[PDB]
Protein chains: 2
Amino acid sequence: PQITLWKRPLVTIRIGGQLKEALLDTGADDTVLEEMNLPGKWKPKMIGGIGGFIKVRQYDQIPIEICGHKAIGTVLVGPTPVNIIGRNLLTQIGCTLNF
Amino acid sequence: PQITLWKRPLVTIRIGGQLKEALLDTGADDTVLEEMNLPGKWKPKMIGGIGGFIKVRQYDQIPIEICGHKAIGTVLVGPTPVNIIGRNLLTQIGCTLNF
Ligand SMILES: COc1ccc(S(=O)(=O)N(CC(C)C)C[C@@H](O)[C@H](Cc2ccccc2)NC(=O)[C@@H]2CN(c3cccc(C(F)(F)F)c3)C(=O)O2)cc1
(Lines give C-alpha, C1' and ligand atoms only; values in the text may rest on other atoms or scores of the structure.)
Protein backbone atom coordinates (compact mmCIF):
# COMPACT_ATOMS: atom_id res chain seq x y z
CA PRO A 1 0.00 0.00 0.00
CA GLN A 2 0.76 3.72 -0.03
CA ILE A 3 0.77 5.22 3.48
CA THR A 4 0.44 8.97 4.07
CA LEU A 5 1.84 10.63 7.19
CA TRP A 6 -0.93 12.83 8.58
CA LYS A 7 -1.42 9.99 11.08
CA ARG A 8 1.17 7.67 12.70
CA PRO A 9 1.99 4.82 10.27
CA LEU A 10 0.79 2.06 12.62
CA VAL A 11 0.18 -1.37 11.15
CA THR A 12 -0.79 -4.79 12.41
CA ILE A 13 2.03 -7.32 12.61
CA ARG A 14 1.86 -11.06 13.21
CA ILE A 15 4.64 -12.56 15.33
CA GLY A 16 4.44 -16.01 16.98
CA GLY A 17 0.74 -16.14 16.10
CA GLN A 18 0.12 -12.96 18.08
CA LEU A 19 -1.20 -9.73 16.60
CA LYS A 20 0.36 -6.42 17.68
CA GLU A 21 0.38 -2.87 16.35
CA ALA A 22 3.75 -1.47 15.33
CA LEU A 23 5.05 1.84 14.02
CA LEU A 24 6.79 1.92 10.63
CA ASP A 25 9.84 3.88 11.66
CA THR A 26 12.28 5.00 8.96
CA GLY A 27 14.44 6.77 11.59
CA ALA A 28 15.06 3.46 13.39
CA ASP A 29 17.98 1.27 12.26
CA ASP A 30 16.56 -1.66 14.22
CA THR A 31 13.21 -3.28 14.94
CA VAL A 32 12.42 -3.01 18.66
CA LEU A 33 9.35 -4.54 20.31
CA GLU A 34 7.95 -4.04 23.82
CA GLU A 35 8.40 -6.80 26.40
CA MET A 36 7.16 -10.15 25.13
CA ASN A 37 8.17 -13.81 25.16
CA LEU A 38 9.83 -15.24 22.07
CA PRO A 39 11.29 -18.72 21.73
CA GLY A 40 14.93 -19.65 21.16
CA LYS A 41 18.27 -18.22 22.19
CA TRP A 42 18.76 -14.50 22.62
CA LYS A 43 21.81 -12.31 23.26
CA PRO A 44 21.93 -9.36 25.68
CA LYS A 45 22.47 -6.10 23.79
CA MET A 46 22.40 -2.37 24.50
CA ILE A 47 20.96 0.23 22.14
CA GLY A 48 20.76 4.04 22.17
CA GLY A 49 17.87 6.38 21.49
CA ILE A 50 16.91 10.01 21.95
CA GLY A 51 16.73 9.67 25.76
CA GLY A 52 19.74 7.47 26.44
CA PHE A 53 20.63 3.79 26.28
CA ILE A 54 18.61 0.69 27.20
CA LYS A 55 19.17 -3.05 27.56
CA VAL A 56 17.39 -5.30 25.10
CA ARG A 57 17.29 -8.99 24.19
CA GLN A 58 18.36 -9.75 20.62
CA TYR A 59 16.46 -12.53 18.81
CA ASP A 60 17.75 -13.50 15.37
CA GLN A 61 15.81 -14.87 12.38
CA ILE A 62 12.30 -14.21 13.69
CA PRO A 63 9.42 -14.30 11.19
CA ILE A 64 7.10 -11.27 11.27
CA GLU A 65 4.28 -10.58 8.84
CA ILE A 66 4.03 -6.81 8.56
CA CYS A 67 0.81 -5.57 7.02
CA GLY A 68 0.65 -8.82 4.99
CA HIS A 69 4.33 -8.80 3.92
CA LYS A 70 6.70 -11.47 5.18
CA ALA A 71 10.00 -10.71 6.92
CA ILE A 72 12.50 -12.91 8.77
CA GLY A 73 15.15 -11.12 10.78
CA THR A 74 16.43 -9.61 13.97
CA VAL A 75 13.98 -8.44 16.62
CA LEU A 76 15.14 -6.58 19.72
CA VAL A 77 12.87 -6.83 22.76
CA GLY A 78 13.00 -4.27 25.55
CA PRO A 79 11.66 -1.02 27.03
CA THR A 80 10.95 0.82 23.77
CA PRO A 81 8.09 3.33 24.22
CA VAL A 82 6.22 1.72 21.30
CA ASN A 83 6.67 -1.27 18.99
CA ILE A 84 8.80 -0.06 16.08
CA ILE A 85 9.62 -1.65 12.75
CA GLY A 86 13.05 -0.39 11.75
CA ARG A 87 15.00 -0.42 8.53
CA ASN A 88 16.31 -3.97 9.00
CA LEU A 89 12.77 -5.28 8.26
CA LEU A 90 11.41 -2.30 6.28
CA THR A 91 13.94 -3.18 3.57
CA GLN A 92 12.78 -6.82 3.58
CA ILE A 93 9.17 -5.80 2.87
CA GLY A 94 10.29 -3.41 0.09
CA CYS A 95 9.30 -0.22 1.90
CA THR A 96 10.56 3.07 0.44
CA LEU A 97 10.01 6.77 1.07
CA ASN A 98 8.57 8.75 -1.84
CA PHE A 99 7.86 12.43 -2.41
CA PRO B 1 12.35 10.92 -5.68
CA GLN B 2 12.35 7.46 -4.11
CA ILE B 3 14.54 6.75 -1.07
CA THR B 4 15.35 3.12 -0.22
CA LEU B 5 16.08 2.18 3.35
CA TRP B 6 19.28 0.17 2.93
CA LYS B 7 20.94 3.15 4.66
CA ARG B 8 19.66 5.91 6.92
CA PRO B 9 17.33 8.28 5.01
CA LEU B 10 19.51 11.37 5.45
CA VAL B 11 18.86 14.44 3.37
CA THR B 12 20.11 18.00 3.35
CA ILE B 13 17.94 20.55 5.13
CA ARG B 14 18.24 24.31 5.40
CA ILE B 15 17.15 26.44 8.31
CA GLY B 16 18.41 30.01 7.87
CA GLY B 17 22.16 30.11 7.27
CA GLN B 18 22.59 26.56 8.52
CA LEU B 19 22.79 23.53 6.25
CA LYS B 20 22.40 20.23 8.07
CA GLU B 21 21.77 16.57 7.42
CA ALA B 22 18.51 15.17 8.82
CA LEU B 23 16.57 11.90 8.93
CA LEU B 24 13.28 11.63 7.09
CA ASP B 25 11.63 9.93 10.04
CA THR B 26 8.14 8.43 9.77
CA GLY B 27 8.39 7.32 13.43
CA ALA B 28 8.70 10.93 14.70
CA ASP B 29 5.46 12.87 15.32
CA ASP B 30 7.43 16.10 15.48
CA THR B 31 10.58 17.60 13.97
CA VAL B 32 13.55 17.61 16.36
CA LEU B 33 16.73 19.52 15.58
CA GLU B 34 20.15 19.62 17.20
CA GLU B 35 20.89 22.51 19.56
CA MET B 36 20.77 25.86 17.73
CA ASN B 37 20.01 29.43 18.79
CA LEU B 38 16.95 30.32 16.70
CA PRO B 39 15.32 33.74 17.01
CA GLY B 40 11.81 34.25 18.36
CA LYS B 41 9.46 32.95 21.01
CA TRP B 42 9.51 29.34 22.17
CA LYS B 43 7.97 27.09 24.82
CA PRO B 44 9.60 24.29 26.84
CA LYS B 45 8.56 20.71 26.19
CA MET B 46 9.56 17.16 27.01
CA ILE B 47 9.65 14.46 24.36
CA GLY B 48 10.17 10.77 24.91
CA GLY B 49 11.78 7.95 22.99
CA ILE B 50 14.12 5.01 23.52
CA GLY B 51 16.03 5.64 26.76
CA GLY B 52 13.62 8.24 28.14
CA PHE B 53 12.94 11.93 27.70
CA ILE B 54 14.80 15.04 26.63
CA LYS B 55 14.00 18.70 27.20
CA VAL B 56 13.40 20.72 24.03
CA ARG B 57 12.44 24.22 22.94
CA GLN B 58 9.37 24.43 20.70
CA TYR B 59 9.54 27.13 18.01
CA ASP B 60 6.55 27.71 15.76
CA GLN B 61 6.25 28.70 12.10
CA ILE B 62 9.91 28.14 11.26
CA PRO B 63 10.63 27.92 7.53
CA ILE B 64 12.82 24.98 6.54
CA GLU B 65 13.90 23.69 3.09
CA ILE B 66 14.02 19.86 2.82
CA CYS B 67 15.69 18.51 -0.35
CA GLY B 68 14.71 21.80 -2.02
CA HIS B 69 11.06 21.44 -0.96
CA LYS B 70 9.63 24.28 1.10
CA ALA B 71 8.18 23.65 4.52
CA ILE B 72 7.14 25.77 7.48
CA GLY B 73 6.07 24.55 10.89
CA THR B 74 6.90 23.62 14.44
CA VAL B 75 10.49 22.68 15.20
CA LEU B 76 11.71 21.24 18.52
CA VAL B 77 15.28 22.18 19.44
CA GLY B 78 17.26 20.20 21.93
CA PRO B 79 20.06 17.76 22.73
CA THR B 80 19.30 15.17 20.07
CA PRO B 81 22.23 13.31 18.43
CA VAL B 82 20.56 13.54 15.01
CA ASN B 83 18.36 16.07 13.22
CA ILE B 84 14.93 14.48 12.79
CA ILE B 85 12.36 15.56 10.19
CA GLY B 86 9.07 14.38 11.65
CA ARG B 87 5.61 13.85 10.16
CA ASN B 88 4.52 17.46 10.74
CA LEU B 89 6.90 18.47 7.90
CA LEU B 90 7.12 15.19 5.94
CA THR B 91 3.49 15.73 4.89
CA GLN B 92 4.29 19.26 3.68
CA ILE B 93 6.89 17.99 1.20
CA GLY B 94 4.60 15.20 -0.09
CA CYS B 95 6.34 12.27 1.63
CA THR B 96 4.70 8.82 1.69
CA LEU B 97 5.74 5.27 2.63
CA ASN B 98 5.25 2.70 -0.11
CA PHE B 99 5.52 -1.09 -0.31
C1 LIG C 1 7.11 14.02 19.50
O2 LIG C 1 8.15 13.84 18.53
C3 LIG C 1 9.11 12.86 18.62
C4 LIG C 1 9.20 11.96 19.70
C5 LIG C 1 10.20 10.98 19.71
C6 LIG C 1 11.13 10.88 18.67
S7 LIG C 1 12.27 9.73 18.68
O8 LIG C 1 13.46 10.24 18.07
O9 LIG C 1 12.53 9.31 20.03
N10 LIG C 1 11.76 8.39 17.91
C11 LIG C 1 10.39 7.99 18.32
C12 LIG C 1 10.22 6.47 18.20
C13 LIG C 1 11.23 5.70 19.05
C14 LIG C 1 8.80 6.08 18.58
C15 LIG C 1 11.95 8.41 16.44
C16 LIG C 1 12.86 7.27 15.98
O17 LIG C 1 12.79 7.20 14.55
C18 LIG C 1 14.29 7.49 16.51
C19 LIG C 1 15.08 8.57 15.75
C20 LIG C 1 16.50 8.68 16.30
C21 LIG C 1 17.58 8.19 15.57
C22 LIG C 1 18.87 8.27 16.07
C23 LIG C 1 19.11 8.83 17.32
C24 LIG C 1 18.04 9.32 18.06
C25 LIG C 1 16.74 9.24 17.55
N26 LIG C 1 15.18 6.33 16.39
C27 LIG C 1 15.60 5.63 17.45
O28 LIG C 1 15.22 5.80 18.60
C29 LIG C 1 16.62 4.55 17.20
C30 LIG C 1 17.94 5.01 17.85
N31 LIG C 1 18.93 4.77 16.81
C32 LIG C 1 20.28 4.90 17.07
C33 LIG C 1 21.23 4.16 16.36
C34 LIG C 1 22.60 4.29 16.64
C35 LIG C 1 23.04 5.14 17.64
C36 LIG C 1 22.12 5.89 18.37
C37 LIG C 1 22.61 6.83 19.45
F38 LIG C 1 22.64 8.07 19.00
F39 LIG C 1 21.82 6.79 20.51
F40 LIG C 1 23.82 6.54 19.83
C41 LIG C 1 20.75 5.76 18.09
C42 LIG C 1 18.35 4.35 15.68
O43 LIG C 1 18.83 3.98 14.62
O44 LIG C 1 16.91 4.34 15.80
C45 LIG C 1 11.03 11.79 17.61
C46 LIG C 1 10.03 12.77 17.59
Side-chain angles (χ1 to χ4, degrees), chain A residues 1-6 8-11 13 21-34 46-56 65-71 73 76-99, chain B residues 1-11 21-35 45-54 56 66-71 73 76-99:
Chain A
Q2 166 157 275
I3 302 173
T4 63
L5 297 168
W6 284 283
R8 292 192 203 214
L10 292 158
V11 298
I13 69 174
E21 299 297 294
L23 184 70
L24 304 177
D25 189 351
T26 58
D29 291 352
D30 302 314
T31 296
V32 195
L33 303 180
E34 295 186 289
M46 287 179 67
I47 60 173
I50 206 168
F53 278 68
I54 60 166
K55 296 167 72 177
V56 295
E65 179 186 290
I66 299 160
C67 200
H69 291 250
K70 292 170 173 193
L76 311 178
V77 178
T80 177
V82 63
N83 296 323
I84 66 181
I85 306 307
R87 295 191 296 99
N88 74 303
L89 301 184
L90 290 175
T91 56
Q92 294 197 16
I93 70 177
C95 187
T96 62
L97 284 162
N98 303 262
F99 57 99
Chain B
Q2 179 172 97
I3 298 170
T4 55
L5 299 166
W6 293 116
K7 65 182 181 68
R8 290 167 180 157
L10 292 168
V11 301
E21 297 295 297
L23 286 173
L24 302 176
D25 192 356
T26 62
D29 296 341
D30 296 339
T31 293
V32 194
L33 304 183
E34 71 182 59
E35 181 54 50
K45 181 172 181 137
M46 295 286 276
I47 59 167
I50 289 168
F53 283 75
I54 59 161
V56 302
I66 300 160
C67 325
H69 293 76
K70 295 181 189 307
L76 306 182
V77 177
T80 174
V82 181
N83 295 303
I84 294 159
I85 304 306
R87 293 183 300 99
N88 69 304
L89 302 182
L90 290 174
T91 57
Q92 297 188 358
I93 74 175
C95 192
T96 60
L97 283 166
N98 302 78
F99 61 98

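Proteins get letters first, then strands, A, B, ... in listed order; numbering begins at 1 in each.
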Student: Quick one: which of A/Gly51, A/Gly94, A/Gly48, A/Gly49 has the most heavy-atom pairs under 4.5 Å with chain B, could you say?
Tutor: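 That would be A/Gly51.
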Student: Which residue pairs pass the salt bridge (charged side-chain N to carboxylate O under 4.0 Å, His left out) test when at least one of the two sits in residues 80-99 of chain A, sequence neighbours left out?
Tutor: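 Qualifying pairs, neighbours excluded: A/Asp29-A/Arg87.
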Student: Regarding B/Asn98 and A/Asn98, is there a side-chain donor-to-acceptor distance under 3.5 Å anywhere?
Tutor: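 Judged by distance alone, the side chains do pair up.
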Student: What part of A/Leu24 lies closer than 4.5 angstrom to a heavy atom of chain B: side chain, backbone, both or neither?
Tutor: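 Both backbone and side chain.
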Student: Working note: A/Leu76 + A/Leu33, criterion side chain to side chain contact (heavy atoms under 4.5 Å, CB included); need CA distance, chi angles, decisive distance, verdict.
Tutor: CA-CA 6 Å; A/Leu76 311 178; A/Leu33 303 180; over 6 Å; no
Student: Examine whether an atom of A/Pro1 lies under 4.5 Å from a heavy atom of chain B, and if so say whether it belongs to the side chain, the backbone or both; otherwise answer neither.
Tutor: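 Its backbone and side chain both get close to chain B.
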Student: Can you list the steps and then say if A/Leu90 with A/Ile85 is a side chain to side chain contact (heavy atoms under 4.5 Å, CB included)?
Tutor: CA-CA 7 Å; A/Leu90 290 175; A/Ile85 306 307; 3.9 Å; yes
